[PDB]
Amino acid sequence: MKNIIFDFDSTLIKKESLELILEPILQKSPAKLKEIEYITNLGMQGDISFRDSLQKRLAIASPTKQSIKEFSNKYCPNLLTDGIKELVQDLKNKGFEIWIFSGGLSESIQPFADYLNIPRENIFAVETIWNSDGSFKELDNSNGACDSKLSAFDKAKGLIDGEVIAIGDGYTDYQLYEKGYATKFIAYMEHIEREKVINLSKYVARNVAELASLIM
């Protein structure tokens, strides 16, 4: 009967996952990676829709099955926010159910969720279909995550009872509160300072101690 919803990118992990997944693919095209970063920020500032952000980034470069595995191999667990595993366990100990709603790729999140002891069934993120050669075939938006966290929450809300605290660095996290799906939004700005989102938020944390201080 109480719930924490984390974003993954720049919240549970220190960086943006899709950019890191694509960086090897784009070593010869550094401007494309800067472009992907810029588009990510437009979506996370609420300047363009999340769907438009995701589609444009995938148009710039689409990942492969193996690119996600290489990302996991390199960055799980060292890319995790300082102190996050212990915070997650402290929250579980205090009775919170932990969820991840993200615009990152679900397959990239799973190893991290495993490490953090967050159930796999509690991850509502961007699902991908690969061709038999590992290349990108298409998104699978059955869960709504390719449109927004709002759509994903709407589809999943029968599984979520009671208070919901949304924690994240982006406008899409704020939207969960705006729409009333979350009872509280805490802007998480350890890794990035998003002025538009900070300005909308009543609560801001810049490390896991500050975050704990706002919740427990």
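The numbering used is simple: start at 1 and walk along the sequence shown.
Stretch with the greater mean C-alpha B-factor as recorded in the entry, comparing 27-35 against 54-62: Comparing averages over the C-alpha atoms only gives 27-35.
- Query: Looking only at CA atoms, which has the higher mean B factor in the entry: 64-72 or 176-184?
  - Reply: The stretch with the larger mean CA B-factor is 176-184.
Whose CA atom has the top B-factor in the entry, of 119, 83, 104, 144? Largest recorded C-alpha B-factor: 119.
Q. What's the residue among 160, 42, 167, 189 with the greatest CA temperature factor in the PDB record?
A. Answer, based on the entry's C-alpha B-factors: 160.
- Message: Is residue 22 in the lowest, middle or highest third of its chain when residues are ranked by C-alpha B-factor?
- Response: Answer is middle: the recorded C-alpha B-factor places it there.
Next on the checklist: Among the modelled residues of this chain, does the Cα B factor of residue 111 put it in the lowest, middle or highest third?
Outcome noted: Its C-alpha B-factor belongs to the middle third of this chain's values.
| request: Check where residue 4 lands among this chain's C-alpha B-factors and tell me if it's the lowest, middle or highest third. | output: As the PDB entry reports it, the C-alpha B-factor of residue 4 lands in the middle third of its chain.
- Task: Taking the values exactly as deposited, rank residue 92 by C-alpha B-factor within its chain and report the matching third: lowest, middle or highest.
- Result: Residue 92: CA B-factor falls in the middle third of its chain.
- Task: Place residue 10 in the lowest, middle or highest third of its chain's C-alpha B-factors, as listed in the PDB entry.
- Result: Middle third - that is where residue 10 ends up once the chain's C-alpha B-factors are sorted.
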